[PDB]
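In case you want the letters, here they are:
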Amino acid sequence: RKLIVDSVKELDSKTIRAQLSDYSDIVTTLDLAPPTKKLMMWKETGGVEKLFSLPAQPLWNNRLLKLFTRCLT
Amino acid sequence: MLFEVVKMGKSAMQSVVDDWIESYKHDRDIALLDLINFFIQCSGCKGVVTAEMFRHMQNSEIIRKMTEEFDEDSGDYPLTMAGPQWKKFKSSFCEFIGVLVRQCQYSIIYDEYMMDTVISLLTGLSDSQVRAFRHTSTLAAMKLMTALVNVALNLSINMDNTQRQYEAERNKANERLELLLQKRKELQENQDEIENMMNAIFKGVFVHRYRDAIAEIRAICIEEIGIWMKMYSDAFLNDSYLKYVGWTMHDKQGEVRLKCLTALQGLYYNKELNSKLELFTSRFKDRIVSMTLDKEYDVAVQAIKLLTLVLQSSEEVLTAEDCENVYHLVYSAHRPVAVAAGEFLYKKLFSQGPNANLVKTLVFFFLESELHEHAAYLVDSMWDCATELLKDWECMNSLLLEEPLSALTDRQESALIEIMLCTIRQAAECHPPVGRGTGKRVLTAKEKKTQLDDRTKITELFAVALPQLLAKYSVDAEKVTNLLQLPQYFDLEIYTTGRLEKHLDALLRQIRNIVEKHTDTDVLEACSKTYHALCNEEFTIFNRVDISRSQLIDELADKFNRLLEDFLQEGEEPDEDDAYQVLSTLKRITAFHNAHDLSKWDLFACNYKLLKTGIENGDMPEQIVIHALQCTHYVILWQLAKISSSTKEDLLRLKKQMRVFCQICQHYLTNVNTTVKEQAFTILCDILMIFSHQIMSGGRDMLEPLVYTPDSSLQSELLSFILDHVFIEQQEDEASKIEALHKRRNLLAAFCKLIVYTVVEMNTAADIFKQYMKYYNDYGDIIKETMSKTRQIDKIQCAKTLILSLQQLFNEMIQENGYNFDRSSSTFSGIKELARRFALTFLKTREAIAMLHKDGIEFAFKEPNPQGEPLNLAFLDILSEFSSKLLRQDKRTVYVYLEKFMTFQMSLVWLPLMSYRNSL
Amino acid sequence: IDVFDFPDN
C-alpha cells in the first residue's frame, strides 16, 4: 500500500512552547546589496559567463573590445 | 456520478447544488449517501459506500473500510496533484460546499439531521491517520465553517432588522408585535442551532489540525480563521480567536507564517476602529518586526507591508529601534523587500521649493545609516514610492547652487550629488541596478514616453547647469567623478537644437580644467569616458569636441615629451617630486589612450624607452611601470584596430612592438612588487588572447602574419603566478575581502581563458583542477567551467590531466608525510572523494577512461621498492573510483594492460592493489 | 495578555 498514513497527526504542547520561545532558526541577517560602487561593477562582471567573455584589463572603447571578442568562437 | 461533475464539470456550481437539493427533497437518504461518497471520493478513495453501511455501520467503521477498499495506485490524492485541471478541482470542491450551505441556509440546515450527519462524517475523516482523508475533510470542514459564519451573519442582521421592526411598532394592534416577538425568538433558536454547528467544527476540527503535523493542513486552518475574523469581525475578532494566529506566527514552516500575516493584514486594512488589535499588537509587535528578516522572503515582504498597515492605524506603537530596523532593509538584496521597506520609510518620514525640505531629509537619511557607500540601491528602493520627488532635479540643482535664504555641509554636498546621479541613471535607462531587476523587462509604450521625456528634461536642464556645478566643486575629486557621469545619459541632439553650443564650450573648458589639476585615477577615467561620449559620429558636434580633444592631448604630449628627456638622462639622478611630475601627466595620458585613438601621436617610443629603464636599473616607481604597461598595451591595440587598404607593410613593425612588449612583461612579471606583477600578468593574459590562433578564426585571413605563441618558459612563469597569488592560504571587514576575491577571480578567469582556448598546453590545468574541492566557494565555479569545456575540446587528453592533478596531489602528500602514511586519513579520504567527483565527468566517454587507467597504473609502479619484495601502490584505491563508470567490456581490456605489470606473485601493505582488481 | 499565553494542558 503506497497510501500515505501519518503515524503522528498533531504537534505536542511542548514542541509549540518551544516554537514560541525560540524563533531564532527562522530569522536571519540582512543580505546587503553591493555596499560599494566597485562591488557593483564586479557583481555585473563576475560569474563565469561574463568573466570568460570579457578581458582582464578593461577596454573602454568598443573597437578595442572587439579585437578581444573577435577571438572567441 | 457527482464526483466527476465537480472535476470535469464546466457547469455552474449553483446549478449542481440546486439539482442536488431536488434529489434531497425527493428522498433525503439516497441524497445523503452520494454526498458522503462525494467526500470519500474527493480524497481519491476509489471505494464506495453502500446502503447497508449508512443504515447500520458506524462512522469509524466506514472510514476503516474505505482504507481497505482504497485501491490507490500511488501516494497522491487530488489536493496534492498538479496541473490546472486540478486547481480547477480545489476551486470547484470549495465552491460546492459554500454554495451548498448558503442555499440550504433557510429551512433545511435546521432539520437537525443533514448538517448533523455531514459534520459527524467530516469530523471523523479529520482524525484519520490517512493523510488524504485528514487533508480533504479538514479543507471541507473549514469551507463549511465559513459558510456557517456567513449564515450566522445573516441571522444577526435579520434579527437586528426585526428588532427595529418591533420597537417602531411599540412607538406606534398588540397582536402585530406578539407575531414579531415570536419571529425574534424563532431567529434566536436558529442562531443557537448554527452556533452549535460552528462549535462542533471549531472544537472538533480546528483546535486539532491547526497544529497538525502536515504543514499544508496548518496553512489551511489559519487562512480560514483569518477569514472568520474579517467577515464577522463583530463576533469573531476576539483574543480567544486571535491567539491561534499569534501562536502560529512562530511556526517553523514558511507557508504557514505567510498565511498568518496575510490573514492579519485583512484585519488592519479594514482599520475600522481596531481596539482588540491594540492588545494583540502589544504582545506580538516584536515578533512581527523580527519577521522582516524571516528566512523565507515572501514572509519578510508581508511582514514589512503589515507594519505599514500598523503605522497608518496607530503610529504610536513602533518605538524607535523598531522603525530604524525596517529602514535598513531598503539596502537588502531582494528587491520586493526593499521596495516595501521604502514604502514604510516614505510613509514614516516624508509627508528653495516644496520638495526642498524632502530632499534634505533623504540626504541626511542616506548619510546616517552607513551601510552603503553609495545611493544606487537606496534610490531603487523608493523608485516606486516617491517618483515625483526623486525626479525633481530643479530642486536638487538649486540646493547645490542657490546660496541659503535665511547652509549645507561638504558631506551633504558630496551626498546630494550621489543621489542626484543615481536618480538620473535610473531615469535615463529605465531599469533597476544589478541585483534588483528581474531580467531584461521590455519597456512599456507608456514607459518609453516617460523615458524619452525626462531623458530630455535631464539633457536640457543640466547641459546648462553641469558646467556651473563642475566649476563650484572642481576641487573635491570625490565630487567631480560623480558629476562627470551626467553626459553618458544626455541626448546630444538637443545641444545643437536650441542655442546651447555656448554651454558645451563652458563644459569642455571646465573638463580640461580639472584634468590639469587632478591626478586621481578615477577622475580621469571619467574625463576620458566623457570625451568618448561627446565624440560620436551620429551627432551634430563630433567636430566641436574633437578639437578640444586633440587640442588637449597636444598640451599633454608636448609636456610628456619634455618631461622624459630630463627624467631619463644618464648624468642627473631624478628625484621624488620630479617623479610625481612624470606620473601625473602619464596617468593623464594612460586613461585617455583606453577610449581614444591616440596612435595619431605614436606614444610607443616614450613608453618603450621608459620601460627599458625600469627593468635595466631596477629602480622605477610602481605607479609609473603600472601606468607604462597600460599605456603601451593601449597603443598596440589601437594600431591593430586600423588594420587591407591600410598600408600592408608596417604589419611586421607592429609584431616587433608586440614581441618586445611581451618580453618586457616577462621580466616585469618576475618583479618583487605584488601590484606590478598584477598589471603585467593581466596585460599578458589579454595580449596572448588577442594575438592568438583565433585572430583569423572567423574572417580576416589577412591578419595571419602576426604570429605569437607563448614560450614553454612564459607558460610556467604565468602558471606560477596563479599558484603564489590566487591560491593563497585560507583589511576592512567583509567589504574589502570580497573586493579582493573578485580581483583574484578575474585573474584565474584570464588564465583559464588561455587553457580552454588552446593558448597554452592543456596539461597546465592540472595544478588548478587539484584545487576544485579546496576552493569550491572561492574559485570553484571557474574550475568546473574550464574543466567541462576542456572535456568538450579533447575528451581523452582531459583524463590525462585530471589524473595529473591526482598524481600531483599524491606526491604533494608524500612530500610532507613519507611513503608509510595512513591510507584512510581525511587527507587521503579527500583525494579519494576527489576521484569520485572526477569520474562523474563521464557519448565517446570510453577511449578516455581507458587511457586514464593506463596513466594511473603506469605511475603506480613507476618506481620500485629499493628494499623489499614496491612504491606508489596507494594510487589504486584512488583509481578504483573510476572503475565504476568503465565499460563491462573493459574489465578484460585493461586488466591485461594491468597484468603488463602485475605478476602471478603479487596476486597472492598490499590492500590498495587487491581493491583495484576487485572493481572489475 | 493571559489568553495569548499557552496553557499547561
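Residues numbered from 1 in each chain as written, not as in the entry; some residues may be left out. Chains lettered and ligands numbered in written order. Heavy atoms only, no water.

- In terms of determination method and resolution, the entry is listed under X-ray crystallography at 3.52 Å.

**Topic: the overall build of chain B**
- Secondary structure summary: chain B contains 43 helices and zero strands in total.
- Whereas a compact globule of 920 residues would reach a radius of gyration of roughly 29 Å, chain B reaches 40 Å, over 25% beyond that.
- When its C-alpha atoms are laid out on the principal axes, chain B stretches across 130 × 100 × 50 Å.
- Scored against the burial criterion, the 920 residues of chain B give a buried share of 52%.
- When the accessible surface of chain B is summed, it comes to about 45,300 Å², and 48% of that surface belongs to carbon and sulfur atoms.
- A distance of 4 Å separates the average location of the 104 positive side-chain charges in chain B from that of its 131 negative side-chain charges. (Helix = DSSP H or I, 4+ residues; strand = E, 2+ residues; numbered from the N terminus. Rg over C-alpha atoms; globule rule 2.2 N^0.38 Å. Buried < 20%, exposed > 50% of the residue type's maximum accessible area, 1.4 Å probe, protein only. Areas by Shrake-Rupley, 256 points an atom, 1.4 Å probe, with all protein chains shown as cover. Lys, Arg positive; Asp, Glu negative; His and termini not counted. Charge placed at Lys NZ, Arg CZ, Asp CG, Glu CD.)

**As for the overall build of chain A**
- Tallying secondary structure elements over chain A gives four helices and zero strands in all.
- Seen in sequence order, chain A has helices and strands lined up from the N terminus as α-α-α-α.
- Relative to the 2.2 N^0.38 estimate, which gives 11 Å for 73 residues, the radius of gyration of chain A is 26 Å and therefore markedly larger than a compact globule would have.
- Principal axes of the C-alpha set define a box for chain A whose edges measure 70 × 40 × 15 Å.
- The buried share of chain A, taken over its 73 residues, is 40%.

**Some points on empty space enclosed by the protein**
- What the largest cavity holds in volume is close to 100 Å³.
- Lining the largest cavity, in full, are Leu 11, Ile 16 and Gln 19 of chain A, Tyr 210, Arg 211, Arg 218, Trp 247, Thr 248 and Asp 251 of chain B together with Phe 6 of chain C.
- Residue composition of the lining of the largest cavity, grouped by class: five nonpolar, two polar and three charged.
- The volume enclosed by the second largest cavity comes to roughly 80 Å³. (1 Å grid on protein atoms, 1.4 Å probe; cavity = no way out; pocket = protein on both sides within 12 Å on 5 of 7 lines; lining within 4 Å. Points joined across faces, edges and corners; volume = space filled by probe spheres on them. Nonpolar A, V, L, I, M, F, W, Y, C, P; charged D, E, K, R; others polar.)

**Structural notes on the side chain of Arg 134 of chain B**
- Note that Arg 134 of chain B resides in helix 8 (residues 131-170).
- Judged by its relative accessible area of 0%, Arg 134 of chain B is buried.
- Among the polar contacts made by the side chain of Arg 134 of chain B, one reaches the side chain of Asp 212 of chain B at a distance of 2.7 Å.
- In this structure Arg 134 of chain B touches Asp 6 and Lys 9 of chain A together with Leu 125, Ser 126, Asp 127, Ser 128, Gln 129, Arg 209, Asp 212, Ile 214 and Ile 217 of chain B, once residues within four positions along its chain are discounted. (Polar contact = N/O pair within 3.5 Å; in protein donor to acceptor, adjacent residues only side chain to side chain. Contact = heavy atoms within 4.5 Å.)

**Quick notes on the packing of aromatic side chains**
- With the rule as written, the count across this model stands at 42 aromatic pairs over all chains.
- Judged by centre distance (6.1 Å) and plane angle (85 degrees), the ring pair of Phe 39 of chain B and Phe 93 of chain B falls under edge-to-face. Here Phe 93 of chain B lies in helix 6 (residues 84-104) and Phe 39 of chain B lies in helix 3 (residues 28-42), a separation of 54 residues in the sequence. As far as burial versus exposure is concerned, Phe 39 of chain B and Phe 93 of chain B are alike and both buried.
- Centre to centre, the rings of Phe 810 of chain B and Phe 859 of chain B are 6.1 Å apart; their planes meet at 90 degrees, and the pair counts as edge-to-face.
- Clustering of aromatic rings is evident, with ring pairs tying together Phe 202, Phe 206, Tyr 210, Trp 228, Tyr 232, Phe 236, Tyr 241, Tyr 244 and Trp 247 of chain B together with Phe 6 of chain C.
- A cation sits over an aromatic face here: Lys 7 of chain B above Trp 86 of chain B, 4.9 Å from the ring centre.
- Across the ring face of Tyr 113 of chain B, the terminal group of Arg 28 of chain B is positioned such that the distance to the ring centre comes to 4.8 Å. (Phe/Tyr/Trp six-rings, centres within 6.5 Å; stacked < 30°, edge-to-face > 60°. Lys NZ or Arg CZ within 6 Å of the ring centre and 35° of its normal.)

**Things to note about unusual backbone geometry**
- The residue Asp 733 of chain B is not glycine, and still its phi comes out positive at about 55 degrees.
- Along the polypeptide, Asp 733 of chain B turns up in helix 35 (residues 733-756).
- In this model, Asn 9 of chain C sits at a positive phi of 50 degrees, which is unusual for a non-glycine residue.
- For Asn 9 of chain C, a relative accessible area of 71% puts it in the exposed group.

**Concerning the nonpolar core**
All names here are of chain B.
- Membership of the largest hydrophobic core comes to 324 residues, with the highest contact counts inside it found for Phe 96, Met 114, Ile 194, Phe 206, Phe 462, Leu 629 and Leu 806.
- In terms of residues, this core owes the most to one element, helix 8, which gives 15 residues.
- If we skip the residues at most four places from it in the chain, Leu 629 touches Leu 611, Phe 661, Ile 664, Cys 665, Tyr 668, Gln 679, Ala 680 and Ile 683. (Core = buried A, V, L, I, M, F, W, Y, C linked by side-chain atoms within 4.5 Å.)

**Here's the deal with the interface of chain C and chain A**
- Tallying the contact residues gives four residues for chain C and four residues for chain A.
- Taking both partners together, chain C and chain A bury about 340 Å²; carbon and sulfur atoms supply 53% of that area.
- Our count for the contact surface shared by chain C and chain A stands at one salt bridge.
- With its nearest N and O atoms 3.0 Å apart, the salt bridge here joins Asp 8 of chain C to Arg 17 of chain A.
- Here the side of chain C that touches chain A is composed, by residue class, of two nonpolar, one polar and one charged. (Buried area = accessible area lost by both parts, 1.4 Å probe. Salt bridge = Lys/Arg side-chain N within 4 Å of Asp/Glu carboxyl O.)

**Details of a negative patch on the surface**
Residues and elements named next belong to chain B.
- Where like charges cluster on the molecular surface, the negative patch consists of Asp 566, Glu 572, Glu 573, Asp 575, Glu 576, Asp 577, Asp 578 and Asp 619.
- The element best represented in the negative patch is helix 29 (residues 576-593), accounting for three residues.
- Positionally, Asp 575 belongs in the loop between helix 28 (542-567) and helix 29.
- Residue classification places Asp 575 among the partly exposed positions, given a relative accessible area of 36%. (Patch = residues over 30% accessible without salt bridge, like charges linked within 9 Å, V, L, I, M, F, W, Y side chains within 5 Å.)

**Overview of the UniProt feature "domain: SCD" in chain B**
- In this numbering, the UniProt entry assigns the feature "domain: SCD" to residues 206-291 of chain B.
- Taken end to end, residues 206-291 of chain B is 74% helix and 0% strand, and its first and last C-alpha atoms sit 25 Å apart. (UniProt positions renumbered as here; feature names shortened; annotations may be inferred.)

**Observations regarding the interface of chain B and chain A**
- At the junction of the two partners, chain B supplies 88 residues and chain A supplies 57 residues.
- Between chain B and chain A, roughly 6,800 Å² of surface is buried when both sides are summed, and carbon and sulfur atoms account for 62% of that area.
- Applying the counting rule to chain B against chain A returns seven salt bridges.
- Across the salt bridge formed by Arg 134 of chain B and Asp 6 of chain A, the nearest N and O atoms sit 2.7 Å from each other.
- There are 33 residue pairs in polar contact connecting chain B and chain A.
- Per element, the largest residue contribution to the side of chain B that touches chain A is 12 residues, and it comes from helix 35 of chain B.

**Some words on the domain arrangement of chain B**
- According to the domain assignment, chain B consists of domain 1 (214-290), domain 2 (319-438), domain 3 (442-540) and domain 4 (797-920).
- Taking only C-alpha atoms, the centre of domain 1 of chain B and the centre of domain 3 of chain B are 53 Å apart. (Domains from an automatic or database assignment.)

**A few points about the packing of helix 2 (residues 13-26) of chain B against helix 3 of chain B**
Residue and element names in this part refer to chain B.
- Viewed as axis vectors pointing N to C, helix 2 and helix 3 meet at an angle of 135 degrees, and their least axial separation amounts to 5 Å. With respect to each other, helix 2 and helix 3 are oriented oblique. Residues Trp 20, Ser 23, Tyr 24 and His 26 of helix 2 touch helix 3, and the partners they reach there are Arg 28, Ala 31, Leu 32 and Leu 35.
- Class assignment of the residues belonging to the contact of helix 2 with helix 3 gives a composition of five nonpolar, two polar and one charged. (Axes fitted to C-alpha atoms, helices over the stretch in contact; angles between N-to-C directions. Parallel < 35°, antiparallel > 145°, perpendicular 65-115°, else oblique.)

**A short note on the state of the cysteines**
All names here are of chain B.
- Within this structure, the stated rule accounts for zero disulfides over all chains.
- Here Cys 665 is not disulfide-linked; the sulfur of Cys 662 is the nearest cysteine sulfur, at 6.7 Å.
- Of the residues examined, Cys 665 reaches a relative accessible area of 1% and is grouped as buried.
- Its sulfur unpaired, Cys 752 is 9.8 Å from the next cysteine sulfur, which belongs to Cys 685.
- Residue classification places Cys 752 among the buried residues on the basis of a relative accessible area of 1%. (Disulfide = S-S within 2.5 Å.)

**Things to note about the packing of helix 18 (residues 356-368) of chain B against helix 22 (residues 410-428) of chain B**
Residue and element names in this part refer to chain B.
- Remark: helix 18 packs on helix 22, axes separated minimally by 9 Å, with the N-to-C direction vectors making an angle of 105 degrees. Taken together, helix 18 and helix 22 sit at an angle that is classed as roughly perpendicular. In this structure, helix 18 contributes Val 359, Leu 362, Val 363, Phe 364, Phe 366 and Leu 367 to the contact, and helix 22 contributes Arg 411, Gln 412, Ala 415, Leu 416 and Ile 419.
- Grouping the constituent residues of the contact of helix 18 with helix 22 by class yields nine nonpolar, one polar and one charged.

**Quick look at the environment of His 431 of chain B**
All names here are of chain B.
- With respect to the secondary-structure elements, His 431 resides in the loop between helix 22 and helix 23 (445-472).
- For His 431, a relative accessible area of 40% gives the class partly exposed.
- Remark: the alpha-carbon pair of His 431 and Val 442, spanning 11 residues in sequence, is separated by 9.7 Å.
- At 2.9 Å, the side chain of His 431 forms a polar contact with the side chain of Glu 429.

**Some points on the environment of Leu 362 of chain B**
All names here are of chain B.
- The topology assignment puts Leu 362 in helix 18.
- Taking the C-alpha atoms as reference points, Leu 362 and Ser 398, separated by 36 residues in sequence, lie 16 Å from one another.
- Those residues within four positions of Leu 362 in sequence are excluded, and the remaining contacts are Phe 350, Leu 390 and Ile 419.

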